[PDB]
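Report on the following structure.
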Amino acid sequence: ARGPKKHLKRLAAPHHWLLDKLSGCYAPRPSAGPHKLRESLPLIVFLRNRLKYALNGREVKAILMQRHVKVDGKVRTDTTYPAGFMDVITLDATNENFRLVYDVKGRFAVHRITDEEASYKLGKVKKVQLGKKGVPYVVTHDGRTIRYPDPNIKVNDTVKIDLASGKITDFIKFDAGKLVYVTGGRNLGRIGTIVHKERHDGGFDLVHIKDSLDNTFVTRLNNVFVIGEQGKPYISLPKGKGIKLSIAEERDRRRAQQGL
Amino acid sequence: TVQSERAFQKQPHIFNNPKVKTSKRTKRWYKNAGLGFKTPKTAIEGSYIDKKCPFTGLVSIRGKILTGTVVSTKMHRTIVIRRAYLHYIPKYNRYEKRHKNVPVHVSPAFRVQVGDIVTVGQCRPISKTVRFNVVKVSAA
Amino acid sequence: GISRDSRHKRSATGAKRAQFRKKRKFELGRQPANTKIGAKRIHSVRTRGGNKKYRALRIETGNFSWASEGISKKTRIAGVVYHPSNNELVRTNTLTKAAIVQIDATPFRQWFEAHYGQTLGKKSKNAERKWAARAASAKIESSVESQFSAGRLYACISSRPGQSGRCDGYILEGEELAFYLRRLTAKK
Amino acid sequence: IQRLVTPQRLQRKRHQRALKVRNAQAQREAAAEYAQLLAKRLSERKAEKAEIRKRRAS
RNA sequence: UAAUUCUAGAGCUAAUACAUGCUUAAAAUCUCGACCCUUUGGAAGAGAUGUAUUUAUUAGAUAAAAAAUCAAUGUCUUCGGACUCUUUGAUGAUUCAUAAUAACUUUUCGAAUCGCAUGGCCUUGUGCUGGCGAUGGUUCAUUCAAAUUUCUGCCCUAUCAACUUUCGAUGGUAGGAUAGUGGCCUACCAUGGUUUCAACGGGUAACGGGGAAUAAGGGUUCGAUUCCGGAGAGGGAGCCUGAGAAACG
RNA sequence: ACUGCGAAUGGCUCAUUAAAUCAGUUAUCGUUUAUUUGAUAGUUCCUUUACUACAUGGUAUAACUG
């Protein structure tokens, strides 16, 4: 090519959006924004393929232009604005508040939360540096920079952000035995706790995570998102709570539950 | 000997004040390479100047790590390494031998004759055909 | 134009390569600017991105630097004596990096008397109050003051003039000067 | 008529002037408080690492 | 003027076009130094300090204890001066981030823009303050990208056994050029680099992969063609405008 | 009609090309980046308010008339 690309074809669209392969020829292509391309979800896949409120594209623009939909206490009208992990989607004419978080089979789940949990947001720590005129800042996974932190924060920790003023309340370190979400790969959406973490110099470091039913697995370091101390998260988890169920176990658990 | 080239030779931005006097020879500068590698004795207290050395020059080491035997030392500050493997052919269920030569760079801290076996690490492009330089050595 | 591809050379084997695409704009060269001495002529070229470079077509002054004292003043330049790449730039007096020129020594000498009060070669009470302070740091190397009778120092250029536009540098000192002066008066 | 004085243009340069004074006042406010936290955190660090030397004395 | 998205002369008036150009807290610290009359002095006054550009030189600590010492001093003066005194980020790894000192420059940026509302305070002057948001702006981060690069992997052919190096082929040193590394190009030097584990040359009615037909097992034969990657716009070469093209509506 | 943005995406073909393309895999401590999202700018009349506007400086042209 010569410049940037601007169309996304239909079969090349990311799989966990679940667009059906016969309705059109192209998919929505997500704008450049806070979250990466194949790790996010536009506002048109939310408002017509999950909540079933709108039936077209022409209906979604009619919703967005009435200035209903906010993200993180700020109004958006970009019809493919890229909402990603841990974002808060506050409609107003229904008094519903949502939070983007992962399913267990690997999907973005519809999650309703309260009116008080929708005042804050976690975020991990991607780098910490010394800026111009000697002040330091910190970069989160969604790209917020925040100057003047505590000195005890290091990288791969987790901050808590107040969405009103854009500030920090407290923070969680990163060591053995913590509650951890997994945000990328194969064991995607499972919740467990840290056994220990071995390190390879000049390579990709591996953590070992134990479930609650005590079965273990291994992922790279960067697909690991700290949530809280053991038995106590800071957010409202979905049903199943990140427990991997074998396919044998979930036929008959659907069978015996089938009593309607 | 160390001044044979037609322009003056120095680790740049390393200043000697003649007004002061201190019984050191010259303020040499030297770094630690990383990855559990050990800077040799003859680099910290040696007297050569080389632009492209891992312990003295301005190159980094990152990327791969290889290993192989040295088969030609006929250039000035480069050698050639031979590497040997096998290759599997599925229909016949068997292996066949192959090889590839790589050229690397040799700092004058090391003394490498033919027949030895070195380990080498990767740096940014040094010449037309060079992307590695030696970081350890073990004899024959 | 001048392109910087490696697709026109031969392999490490000697095998002659093949014509693969047409010539791409993002591998280009421009023309070498030779930098004469004279009145100020500086032209601006436009680069990748919206940036800017200043080509110097001829200039005459600079901004040179005394290391051991730590003072950098603005002077004039006179002519090049030595260039280690080819000696067809000394016979034309271009201006590259690593070129060895001569400057006029006047504002360094005029600074030196103001800082110390001592001559080179051969009255308020504030002044000798602090001239007495800078007493031990008075003397310098012999072989560098020994050209203050002529006002022609020896200095090398450390800025690329074809890129940055300017032409600055630093004074030769005795360790480096011992090398070049043995090179200067023997290779001719 | 273009480019005339007008009350509509008048308070715009008031609000623009009022912005960066009220803005940049808060920085040196907030910078001092950050150094205030760093001030006390070193103060215990002089004491709390001396207590190892109290134990190294014992 | 036979003519084409061809255009000449004369006369008007605008800008987020083009060209210029003011406003503002206090603090500290440096250099110069009127005087002063003195010991061991202290001083009026003056100027300098945003950011960006280019060069030079310093800080960017850290493995375990105690004296003798040369003086100086913070201090109770014990007028002995013994002492009753230090901070410092990140990486496997840096000349890293970031800070200071001298300067330097055909001197870069630091809102002479626009819609809505219309209020609070008064000595009531069109006095003084004051809401929501559009567009522009320098640098660091970020997202969509781009440019190069490491390891291993291709069909038939010896009726192709030696190939490359003037005219760069393989390496060293210094410059030029570029967004940037590099024989990418130019100077001086060295004589290297590939090969029976098939180099180099010849054929291809050869764009590469995901994949397709047949199938006990092993396999044989296809892939111009709905997805991702490259190349091209009658054949070669050259450049303009732009963040981005060697572009062909 | 001036100014701003886009026209470098998309669509079509398979001629060249046999260590090239291309695949799975690394690297940038070796570089440019419109846009988007988040931070970010009292110092700039000669001046610390002395002549010389900040209740706001100057020309030139388009469409249009002839």
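By counting other Cβ atoms within 10 Å of each Cβ, how are B:2, A:138, C:90, A:207 ranked from fewest to most? Walk me through the numbers on the way to the answer.
Numbers: B:2 11, A:138 24, C:90 15, A:207 21.
By the 10 Å Cβ count, ascending, the order reads B:2, C:90, A:207, A:138.
For chain A, what's the relative contact order in percent, using C-alpha pairs closer than 8 Å and at least 6 residues apart?
Working: 434 pairs, mean separation 28.9, N = 260.
Reported relative contact order: 11 percent.
Quick one: what do you get for segment A:81-143 if you divide its Cα Rg by 2.2 N^0.38 Å?
Details: Rg = 15.5 Å, N = 63, 2.2 N^0.38 = 10.6 Å.
After normalising by residue count via 2.2 N^0.38 Å, the value is 1.46.
As a ratio to 2.2 N^0.38 Å, the alpha-carbon radius of gyration computed for chain B takes the value 1.31.
What is the magnitude of the charge dipole of the protein assembly as shown about its Cα centre, with +1 placed on the Cβ of each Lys and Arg, -1 on the Cβ of each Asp and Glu, and no other charges, expressed in debye to the nearest 20? Display every interim value, and only then the final one.
Values: 137 positive and 51 negative charges, 533 e Å.
It comes to approximately 2560 debye.
Just the projected area, averaged over all directions, of the convex hull on the alpha carbon atoms of segment A:121-171: how many nm²? Don't jump to the answer; show the numbers that get you there.
Details: hull surface 13.2 nm².
So the mean shadow area of the Cα hull is 3.3 nm².
Taken one residue at a time, the phi angles of segment A:222-236 give Karplus couplings (6.51, -1.76, 1.60, θ = phi - 60°) of 7, 8, 10, 10, 6, 10, x, 7, 5, x, 9, x, 9, 9, 8 Hz. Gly and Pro are set to x.
Work out the charge dipole of the protein assembly as shown with +1 on the Cβ of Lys and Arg and -1 on the Cβ of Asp and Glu about the Cα centre, then indicate which of A:226, C:181, C:158 is farthest towards its positive end. Going by the Cα projections, it comes out as C:181.
In plain terms, the bigger the Kirkwood radius, the slower the diffusion; for chain D, with that radius from Cα pairs, at 20 °C and 1.002 mPa s, Stokes-Einstein puts D at 133 µm²/s. Among B:73, B:26, the ranking by other beta carbons within 10 Å of each residue's beta carbon, starting with the fewest, stands as B:26, B:73.
Here the contact order of segment B:72-140, divided by its residue count and restricted to Cα pairs under 8 Å and six or more residues apart, works out to 27 percent.
Could you compute the net charge surrounding residue A:143? Neighbours are other residues with a C-beta less than 15 Å from the C-beta of residue A:143; K and R count +1, D and E count -1. Numbers along the way, then the final one.
Details: positive: A:36, A:74, A:121, A:124, A:126, A:127, A:144, A:147; negative: A:39, A:72, A:87, A:142.
Cβ neighbours under 15 Å give a net charge of +4.
Count, for each residue of B:3-10, the Cβ atoms from other chains sitting within 10 Å of its Cβ, then give me the mean as a whole number.
4
Mind ranking A:85-96, A:11-22 by how tightly packed they are, going by the mean number of other C-beta atoms within 10 angstrom, highest first? Provide the component values of the computation, followed by the final result.
On the way: A:85-96: 16.2, A:11-22: 12.2.
Result, highest mean first: A:85-96, A:11-22.
Only one residue of A:248, A:237, C:18 has its Cα farthest out toward the positive end of the dipole of the protein assembly as shown, where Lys and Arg carry +1 and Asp and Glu -1 on Cβ, and that residue is C:18. Label-to-label distance, residue A:91 versus residue C:6, with points set 7 angstrom from Cα along the beta-carbon direction: 5.8 nm.
Give the calculated FRET efficiency between residue B:83 and residue A:2 to the nearest 0.05, with a Förster radius of 41 Å applied to their Cβ-Cβ distance.
Values: r = 40 Å, r/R0 = 0.99.
Between residue B:83 and residue A:2 the formula returns 0.50.
For a Förster distance of 56 Å, can you work out the FRET efficiency between the beta-carbons of residue C:176 and residue A:195, rounded to the nearest 0.05? Efficiency, from the Cβ-Cβ distance: 0.40.
By its C-alpha gyration tensor, with a ≥ b ≥ c as the square roots of the eigenvalues, how is segment A:1-116 shaped: rounded for a/c under 1.5, else prolate for a/b larger than b/c, else oblate? Prolate shape, in that a/c is at least 1.5 and a/b is the bigger ratio.
Bear in mind these aren't lab numbers, they're just calculated from the coordinates by the rules spelled out. Neighbour counts are summed over all protein chains in view; Cβ atoms, including those assigned to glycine, are modelled from backbone coordinates with ideal geometry.
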